[PDB]
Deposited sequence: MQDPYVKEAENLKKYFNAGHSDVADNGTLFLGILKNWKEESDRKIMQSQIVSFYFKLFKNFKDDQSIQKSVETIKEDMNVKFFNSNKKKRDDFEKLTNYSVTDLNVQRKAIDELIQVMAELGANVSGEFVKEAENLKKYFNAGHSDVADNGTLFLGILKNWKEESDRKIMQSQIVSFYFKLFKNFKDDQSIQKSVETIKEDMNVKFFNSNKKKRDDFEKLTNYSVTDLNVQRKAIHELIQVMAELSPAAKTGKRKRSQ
């Protein structure tokens, strides 16, 4: 007895020609990485990046004639499997995936909340960490937060890891774009490494898998074809483990 989303994913495969042998070339995007992680908190930080990558891809094709129904069906099955049909959880996740790391007000708010964010990640920051963060608050210079209110909404650890994955990847991107900026270049480097230490729990393997996931462009046609080829197997492992 087959899950209804399967036939729709096979329809997308035909549309993208992702059943052609050329799609095999050059390893895997998602499957191997997911193989590496078995504890549920580690799976949720990786799955969180995989799900936002599929959501950005589907937004580029939601209306394409013969696949509008298929895309709708698959997004709704991801909702059931990954968000447990929780509309507020899905909405907080979309908000976080859509923040622009180049909007100066967004970057200010993000640098403002940084210390509190590490707290929320379970980190006990050093005196050093605190000073480097005030450098950045100076450089960059509302009754609404970027990240703190969303983090206050979720208490179960798997829900927290889903959101924390999107906050850590936003910061890592903000840091990349300022990595070699004269004034604040040593601040950026200092924070950047204690965030890595804590989130990845001193596991270089986990850290590397995460940067791989974070640096694929959903724009290249070949990446997009591989993503569509791997969809059915990715969906089969999206539900909570046992």
- Message: So, counting the deposited sequence from position 1, which segments are absent from the coordinates?
- Response: 142-148, 250-258
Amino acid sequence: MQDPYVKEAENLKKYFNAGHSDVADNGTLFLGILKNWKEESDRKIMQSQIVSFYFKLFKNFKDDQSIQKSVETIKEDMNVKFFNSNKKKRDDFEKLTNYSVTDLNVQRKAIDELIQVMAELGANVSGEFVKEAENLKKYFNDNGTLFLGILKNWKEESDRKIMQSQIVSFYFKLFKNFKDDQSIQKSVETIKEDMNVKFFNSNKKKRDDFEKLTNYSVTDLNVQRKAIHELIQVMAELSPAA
From here on, numbers count along this sequence of modelled residues.
- Message: Please compare 231-239 with 1-9 and say which has the higher mean C-alpha temperature factor in the record.
- Response: 1-9
- Item | Stretch with the greater mean C-alpha B-factor as recorded in the entry, comparing 169-177 against 41-49 | 169-177
- Query: If you compare 95, 88, 137, 155, which has the highest Cα B-factor in the entry?
  - Reply: 137
- Query: Lowest, middle or highest third: where is residue 126 by C-alpha B factor in its chain?
  - Reply: middle
- Task: Tell me, lowest, middle or highest third: where does the Cα B factor of residue 54 rank within its chain?
- Result: lowest
- residue 31, C-alpha B-factor rank within chain (lowest, middle or highest third): lowest
- Query: According to the PDB entry, is the CA B factor of residue 18 in the bottom, middle or top third of its chain, that is, lowest, middle or highest?
  - Reply: lowest
- Of the three thirds of the chain ranked by Cα temperature factor, residue 71 occupies the lowest
